[PDB]
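The file my_file_16.pdb comes next; it holds PDB, C-alpha atoms and all ligand atoms.
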```pdb
MODEL        1
ATOM      1  CA  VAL H   1       0.000   0.000   0.000
ATOM      2  CA  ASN H   2       1.218   3.495  -0.925
ATOM      3  CA  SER H   3      -0.135   7.045  -0.782
ATOM      4  CA  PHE H   4      -0.867   7.621  -4.485
ATOM      5  CA  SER H   5      -4.548   8.491  -4.914
ATOM      6  CA  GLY H   6      -7.030   8.770  -7.768
ATOM      7  CA  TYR H   7      -5.051   6.784 -10.354
ATOM      8  CA  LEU H   8      -6.607   4.573 -12.994
ATOM      9  CA  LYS H   9      -4.997   1.113 -13.065
ATOM     10  CA  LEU H  10      -3.851   0.180 -16.570
ATOM     11  CA  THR H  11      -1.918  -3.035 -15.847
ATOM     12  CA  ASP H  12      -0.490  -4.984 -12.922
ATOM     13  CA  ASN H  13       2.105  -2.227 -12.364
ATOM     14  CA  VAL H  14       1.186   0.895 -14.405
ATOM     15  CA  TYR H  15      -1.213   3.550 -13.104
ATOM     16  CA  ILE H  16      -2.220   6.862 -14.721
ATOM     17  CA  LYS H  17      -3.803  10.174 -13.685
ATOM     18  CA  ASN H  18      -4.507  13.649 -15.096
ATOM     19  CA  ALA H  19      -2.260  15.690 -12.813
ATOM     20  CA  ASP H  20       0.480  18.306 -12.531
ATOM     21  CA  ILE H  21       3.575  16.309 -11.561
ATOM     22  CA  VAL H  22       4.877  19.243  -9.506
ATOM     23  CA  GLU H  23       1.729  19.360  -7.386
ATOM     24  CA  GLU H  24       1.596  15.560  -7.173
ATOM     25  CA  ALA H  25       5.190  15.312  -5.941
ATOM     26  CA  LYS H  26       4.631  18.046  -3.356
ATOM     27  CA  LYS H  27       1.577  16.185  -2.037
ATOM     28  CA  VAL H  28       2.952  12.636  -2.104
ATOM     29  CA  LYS H  29       6.673  13.287  -1.504
ATOM     30  CA  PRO H  30       7.476  10.030  -3.325
ATOM     31  CA  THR H  31      10.729   8.173  -2.961
ATOM     32  CA  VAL H  32      11.461   8.837  -6.652
ATOM     33  CA  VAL H  33      10.162  11.505  -9.018
ATOM     34  CA  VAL H  34      11.258  11.162 -12.644
ATOM     35  CA  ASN H  35      12.403  14.238 -14.548
ATOM     36  CA  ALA H  36      12.110  14.488 -18.333
ATOM     37  CA  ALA H  37      15.739  15.571 -18.629
ATOM     38  CA  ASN H  38      18.129  16.373 -21.456
ATOM     39  CA  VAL H  39      21.754  15.241 -21.604
ATOM     40  CA  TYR H  40      23.019  18.586 -20.257
ATOM     41  CA  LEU H  41      20.543  18.629 -17.354
ATOM     42  CA  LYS H  42      19.435  22.093 -18.501
ATOM     43  CA  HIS H  43      15.963  22.294 -16.975
ATOM     44  CA  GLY H  44      14.428  25.032 -19.077
ATOM     45  CA  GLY H  45      10.911  23.965 -20.008
ATOM     46  CA  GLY H  46       8.346  21.227 -19.941
ATOM     47  CA  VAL H  47       8.399  18.962 -16.909
ATOM     48  CA  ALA H  48      12.056  19.774 -16.210
ATOM     49  CA  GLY H  49      11.531  23.524 -16.119
ATOM     50  CA  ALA H  50       8.506  23.067 -13.864
ATOM     51  CA  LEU H  51      10.236  20.721 -11.413
ATOM     52  CA  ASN H  52      13.293  22.946 -11.260
ATOM     53  CA  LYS H  53      11.186  26.074 -10.646
ATOM     54  CA  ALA H  54       9.463  24.283  -7.754
ATOM     55  CA  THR H  55      12.911  23.676  -6.178
ATOM     56  CA  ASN H  56      13.750  27.395  -6.402
ATOM     57  CA  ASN H  57      16.537  26.498  -8.911
ATOM     58  CA  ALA H  58      18.302  24.142  -6.466
ATOM     59  CA  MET H  59      17.814  21.299  -8.958
ATOM     60  CA  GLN H  60      19.666  23.317 -11.615
ATOM     61  CA  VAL H  61      22.524  24.222  -9.256
ATOM     62  CA  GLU H  62      22.985  20.565  -8.294
ATOM     63  CA  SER H  63      22.723  19.517 -11.939
ATOM     64  CA  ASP H  64      25.381  21.991 -13.086
ATOM     65  CA  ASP H  65      27.827  20.517 -10.576
ATOM     66  CA  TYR H  66      26.909  17.001 -11.754
ATOM     67  CA  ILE H  67      27.651  17.901 -15.396
ATOM     68  CA  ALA H  68      30.877  19.721 -14.524
ATOM     69  CA  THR H  69      32.097  16.528 -12.839
ATOM     70  CA  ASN H  70      30.672  13.809 -15.089
ATOM     71  CA  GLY H  71      29.862  15.320 -18.478
ATOM     72  CA  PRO H  72      26.568  14.891 -20.309
ATOM     73  CA  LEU H  73      24.242  11.946 -20.000
ATOM     74  CA  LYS H  74      23.490   9.638 -22.917
ATOM     75  CA  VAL H  75      20.166   9.756 -24.732
ATOM     76  CA  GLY H  76      18.353   6.830 -23.126
ATOM     77  CA  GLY H  77      20.382   7.210 -19.929
ATOM     78  CA  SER H  78      19.761   8.558 -16.457
ATOM     79  CA  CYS H  79      21.249   9.702 -13.196
ATOM     80  CA  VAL H  80      19.944   9.825  -9.627
ATOM     81  CA  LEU H  81      20.148  13.207  -7.898
ATOM     82  CA  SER H  82      18.368  14.819  -4.968
ATOM     83  CA  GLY H  83      14.611  15.217  -4.997
ATOM     84  CA  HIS H  84      14.988  18.483  -3.046
ATOM     85  CA  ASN H  85      11.619  19.560  -1.585
ATOM     86  CA  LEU H  86       9.659  17.341  -4.003
ATOM     87  CA  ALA H  87      10.812  13.751  -3.365
ATOM     88  CA  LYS H  88      13.629  11.827  -1.746
ATOM     89  CA  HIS H  89      15.351  11.352  -5.119
ATOM     90  CA  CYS H  90      14.964  12.642  -8.649
ATOM     91  CA  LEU H  91      15.703  10.166 -11.436
ATOM     92  CA  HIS H  92      16.707  12.344 -14.396
ATOM     93  CA  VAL H  93      15.899  10.277 -17.511
ATOM     94  CA  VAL H  94      16.726  11.357 -21.065
ATOM     95  CA  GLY H  95      14.196  10.222 -23.620
ATOM     96  CA  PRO H  96      14.878  10.909 -27.286
ATOM     97  CA  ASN H  97      13.828  14.394 -28.432
ATOM     98  CA  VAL H  98      12.172  14.062 -31.841
ATOM     99  CA  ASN H  99      12.515  17.813 -32.339
ATOM    100  CA  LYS H 100      16.303  17.163 -32.311
ATOM    101  CA  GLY H 101      16.185  14.176 -34.689
ATOM    102  CA  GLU H 102      16.910  11.513 -32.060
ATOM    103  CA  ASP H 103      16.097   7.823 -32.506
ATOM    104  CA  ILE H 104      12.669   6.943 -31.093
ATOM    105  CA  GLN H 105      13.894   3.378 -30.474
ATOM    106  CA  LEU H 106      15.883   4.881 -27.583
ATOM    107  CA  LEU H 107      12.597   5.433 -25.734
ATOM    108  CA  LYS H 108      12.613   1.810 -24.585
ATOM    109  CA  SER H 109      16.153   2.211 -23.228
ATOM    110  CA  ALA H 110      15.011   5.355 -21.404
ATOM    111  CA  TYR H 111      12.124   3.529 -19.707
ATOM    112  CA  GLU H 112      14.436   0.652 -18.690
ATOM    113  CA  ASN H 113      15.971   3.032 -16.141
ATOM    114  CA  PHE H 114      12.689   2.910 -14.211
ATOM    115  CA  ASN H 115      13.250  -0.792 -13.429
ATOM    116  CA  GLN H 116      16.024   0.135 -10.986
ATOM    117  CA  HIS H 117      13.402   1.650  -8.634
ATOM    118  CA  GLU H 118      10.538  -0.188  -6.965
ATOM    119  CA  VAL H 119       8.049   2.723  -7.162
ATOM    120  CA  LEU H 120       8.177   5.964  -9.175
ATOM    121  CA  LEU H 121       6.112   9.042  -9.963
ATOM    122  CA  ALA H 122       6.802   9.859 -13.594
ATOM    123  CA  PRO H 123       5.778  11.705 -16.763
ATOM    124  CA  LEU H 124       5.441  10.083 -20.163
ATOM    125  CA  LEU H 125       8.953  10.123 -21.601
ATOM    126  CA  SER H 126       9.545  11.994 -24.870
ATOM    127  CA  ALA H 127       6.001  13.442 -24.769
ATOM    128  CA  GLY H 128       5.140  17.126 -24.663
ATOM    129  CA  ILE H 129       7.914  19.353 -25.993
ATOM    130  CA  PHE H 130      10.107  16.306 -26.749
ATOM    131  CA  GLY H 131       7.836  15.749 -29.753
ATOM    132  CA  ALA H 132       6.986  12.035 -29.636
ATOM    133  CA  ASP H 133       3.536  10.453 -29.811
ATOM    134  CA  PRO H 134       2.249  10.112 -26.214
ATOM    135  CA  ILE H 135       0.133   7.065 -27.092
ATOM    136  CA  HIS H 136       3.363   5.420 -28.213
ATOM    137  CA  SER H 137       5.172   6.560 -25.069
ATOM    138  CA  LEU H 138       2.488   5.005 -22.855
ATOM    139  CA  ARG H 139       2.671   1.750 -24.827
ATOM    140  CA  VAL H 140       6.460   1.578 -24.468
ATOM    141  CA  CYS H 141       6.131   2.333 -20.751
ATOM    142  CA  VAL H 142       3.644  -0.495 -20.200
ATOM    143  CA  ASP H 143       5.735  -2.929 -22.253
ATOM    144  CA  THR H 144       9.079  -1.997 -20.618
ATOM    145  CA  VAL H 145       8.597  -0.944 -16.996
ATOM    146  CA  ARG H 146       8.062  -3.815 -14.557
ATOM    147  CA  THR H 147       8.251  -1.813 -11.329
ATOM    148  CA  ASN H 148       5.326   0.238 -10.015
ATOM    149  CA  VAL H 149       4.927   3.464 -11.986
ATOM    150  CA  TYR H 150       2.430   6.260 -11.325
ATOM    151  CA  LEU H 151       2.126   8.363 -14.479
ATOM    152  CA  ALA H 152       1.060  12.013 -14.300
ATOM    153  CA  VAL H 153      -0.387  13.425 -17.538
ATOM    154  CA  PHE H 154      -0.733  17.215 -17.248
ATOM    155  CA  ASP H 155      -3.081  17.746 -20.204
ATOM    156  CA  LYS H 156      -6.621  16.627 -19.348
ATOM    157  CA  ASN H 157      -7.604  16.262 -23.001
ATOM    158  CA  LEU H 158      -4.525  14.127 -23.666
ATOM    159  CA  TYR H 159      -5.222  12.016 -20.574
ATOM    160  CA  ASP H 160      -8.734  11.191 -21.775
ATOM    161  CA  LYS H 161      -7.350  10.254 -25.187
ATOM    162  CA  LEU H 162      -4.703   8.050 -23.557
ATOM    163  CA  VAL H 163      -7.240   6.204 -21.398
ATOM    164  CA  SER H 164      -9.852   5.894 -24.132
ATOM    165  CA  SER H 165      -7.257   4.607 -26.614
ATOM    166  CA  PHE H 166      -5.421   2.250 -24.243
ATOM    167  CA  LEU H 167      -5.238  -1.364 -25.356
TER     168      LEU H 167
HETATM  169  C1  LIG F 201       2.207  18.734 -21.375
HETATM  170  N1  LIG F 201       2.169  17.326 -21.818
HETATM  171  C2  LIG F 201       1.503  17.242 -23.140
HETATM  172  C3  LIG F 201       3.516  16.694 -21.826
HETATM  173  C4  LIG F 201       4.013  16.125 -20.483
HETATM  174  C5  LIG F 201       5.195  15.167 -20.702
HETATM  175  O1  LIG F 201       4.778  14.053 -21.456
HETATM  176  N2  LIG F 201       4.440  17.192 -19.588
HETATM  177  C6  LIG F 201       4.112  17.170 -18.230
HETATM  178  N3  LIG F 201       3.571  16.054 -17.678
HETATM  179  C7  LIG F 201       3.258  16.054 -16.382
HETATM  180  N4  LIG F 201       3.412  17.045 -15.502
HETATM  181  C8  LIG F 201       3.959  18.154 -16.062
HETATM  182  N5  LIG F 201       4.261  19.348 -15.451
HETATM  183  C9  LIG F 201       4.809  20.234 -16.368
HETATM  184  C10 LIG F 201       4.880  19.619 -17.588
HETATM  185  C11 LIG F 201       4.337  18.304 -17.417
HETATM  186 CL    CL F 202       6.397  18.947 -21.853
ENDMDL
END
```

With the file now loaded, output its structure as C-alpha cells.
Amino acid sequence: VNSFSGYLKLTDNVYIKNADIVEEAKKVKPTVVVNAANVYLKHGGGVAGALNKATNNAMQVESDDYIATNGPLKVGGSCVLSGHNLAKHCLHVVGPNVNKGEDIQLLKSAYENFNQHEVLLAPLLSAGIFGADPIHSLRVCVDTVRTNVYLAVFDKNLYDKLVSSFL
C-alpha cells in the first residue's frame, strides 16, 4: 500500500492520472520523481523547467555541478540526484527528443531506467515538448517498466485520449 490516490490502473504495475507532476510530488513526496531531462541537465521547459522552478533552482545548481564533474548523460540514460523539496530522489531520464532528430527506439532504453526503482512518480517520456507520440510513449512504458509506476499526464484532453485509446 502506498499514498498515491485517484489513479486509474492500466496493468499490474502501471497507473495513470490527469495531474500536474509538480503538485503531485509536493503532495505525495514520493521516494522517486522522474524528470524528463536532457543530456546537459538544462531544466528550461516542460516537466524539467517546472520541477526545477518548484525547487527554487536548487535542482539546476545541483545539476550543473553534476555535469561539470561527469559530463553529459546519454540519450536513453539517467542519473539519480536529490529530490529536493519534491521527493527523496529525482531520477533524471533522457528520452529521445524528436525535435532534435533523435532515434525513437531509444525510448525503450530510457524507460528501462525505471526498473532500478521499486516505485516511481513519472511523466510520459519523450512526450510534450520532446515531440513524440504520447500514445506510443504510454505503450512503451507499459511494455518496458516492470516496477510500479504512477504516471502524471498534465493535459486533461490528452489524458482522456490516452485512457480511451489504451489497449
Ligand atoms: C504537457 N504534456 C503534453 C507533456 C508532459 C510530458 O509528457 N508534460 C508534463 N507532464 C506532467 N506534468 C507536467 N508538469 C509540467 C509539464 C508536465
Ligand atoms: Cl512537456

If you count all atoms listed in the file, which residues fall within 10 Å of residue H:62, apart from same-chain ones fewer than 6 positions away, as a compact mmCIF listing (two decimals) with C-alpha atoms, in the coordinates of the input?
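Now in selection-v1.txt:
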```txt
# COMPACT_ATOMS: atom_id res chain seq x y z
CA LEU H 41 20.54 18.63 -17.35
CA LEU H 81 20.15 13.21 -7.90
CA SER H 82 18.37 14.82 -4.97
CA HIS H 84 14.99 18.48 -3.05
```

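Applied to the file shown here, the PyMOL selection byres (((chain H and resi 88) around 7) and not hetatm) selects the residues residues 30, 31, 32, 82, 83, 84, 87 and 89 of chain H.
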
Could you write those residues out with C-alpha atoms, as a PDB file, in the frame of the given file?
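Here's the written file selection-v9.pdb:
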```
ATOM      1  CA  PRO H  30       7.476  10.030  -3.325  1.00  0.00           C
ATOM      2  CA  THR H  31      10.729   8.173  -2.961  1.00  0.00           C
ATOM      3  CA  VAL H  32      11.461   8.837  -6.652  1.00  0.00           C
ATOM      4  CA  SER H  82      18.368  14.819  -4.968  1.00  0.00           C
ATOM      5  CA  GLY H  83      14.611  15.217  -4.997  1.00  0.00           C
ATOM      6  CA  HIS H  84      14.988  18.483  -3.046  1.00  0.00           C
ATOM      7  CA  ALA H  87      10.812  13.751  -3.365  1.00  0.00           C
ATOM      8  CA  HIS H  89      15.351  11.352  -5.119  1.00  0.00           C
TER       9      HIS H  89
END
```

Residue by residue, what does the PyMOL selection byres (((chain H and resi 145-161) around 6) and not hetatm) grab here? Present the result as a short mmCIF file (atom, residue, chain, number, x, y, z; two decimals) with C-alpha atoms, in the frame of the given file.
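Done, and the output landed in result13.cif:
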```
data_model
loop_
_atom_site.label_atom_id
_atom_site.label_comp_id
_atom_site.auth_asym_id
_atom_site.auth_seq_id
_atom_site.Cartn_x
_atom_site.Cartn_y
_atom_site.Cartn_z
CA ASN H 13 2.10 -2.23 -12.36
CA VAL H 14 1.19 0.90 -14.40
CA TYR H 15 -1.21 3.55 -13.10
CA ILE H 16 -2.22 6.86 -14.72
CA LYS H 17 -3.80 10.17 -13.68
CA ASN H 18 -4.51 13.65 -15.10
CA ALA H 19 -2.26 15.69 -12.81
CA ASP H 20 0.48 18.31 -12.53
CA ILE H 21 3.58 16.31 -11.56
CA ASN H 115 13.25 -0.79 -13.43
CA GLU H 118 10.54 -0.19 -6.96
CA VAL H 119 8.05 2.72 -7.16
CA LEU H 120 8.18 5.96 -9.18
CA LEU H 121 6.11 9.04 -9.96
CA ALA H 122 6.80 9.86 -13.59
CA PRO H 123 5.78 11.70 -16.76
CA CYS H 141 6.13 2.33 -20.75
CA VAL H 142 3.64 -0.50 -20.20
CA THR H 144 9.08 -2.00 -20.62
CA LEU H 162 -4.70 8.05 -23.56
CA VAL H 163 -7.24 6.20 -21.40
CA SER H 164 -9.85 5.89 -24.13
CA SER H 165 -7.26 4.61 -26.61
#
```

Using only C-alpha atoms, determine which residues lie at most 9 Å from residue H:76, disregarding the query and same-chain residues fewer than 6 positions distant; provide the list as a PDB file with C-alpha atoms, in the coordinates of the input.
```pdb
ATOM      1  CA  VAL H  93      15.899  10.277 -17.511  1.00  0.00           C
ATOM      2  CA  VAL H  94      16.726  11.357 -21.065  1.00  0.00           C
ATOM      3  CA  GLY H  95      14.196  10.222 -23.620  1.00  0.00           C
ATOM      4  CA  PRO H  96      14.878  10.909 -27.286  1.00  0.00           C
ATOM      5  CA  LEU H 106      15.883   4.881 -27.583  1.00  0.00           C
ATOM      6  CA  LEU H 107      12.597   5.433 -25.734  1.00  0.00           C
ATOM      7  CA  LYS H 108      12.613   1.810 -24.585  1.00  0.00           C
ATOM      8  CA  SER H 109      16.153   2.211 -23.228  1.00  0.00           C
ATOM      9  CA  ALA H 110      15.011   5.355 -21.404  1.00  0.00           C
ATOM     10  CA  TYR H 111      12.124   3.529 -19.707  1.00  0.00           C
ATOM     11  CA  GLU H 112      14.436   0.652 -18.690  1.00  0.00           C
ATOM     12  CA  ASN H 113      15.971   3.032 -16.141  1.00  0.00           C
TER      13      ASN H 113
END
```

Inset, instruction - Throw together the list of residues within 8 Å of ligand CL 202 (chain F), counting only C-alpha atoms and all ligand atoms, and drop it here as a list in words. - result: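 Those residues are residues 45, 46, 47, 127, 128, 129 and 130 of chain H.
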
Inset, instruction - Choose the residue, out of H:125, H:34, H:61, H:73, that has the smallest atom-to-atom separation from ligand LIG 201 (chain F); count all atoms listed in the file. - result: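 Among the listed residues, H:125 lies closest to ligand LIG 201 (chain F).
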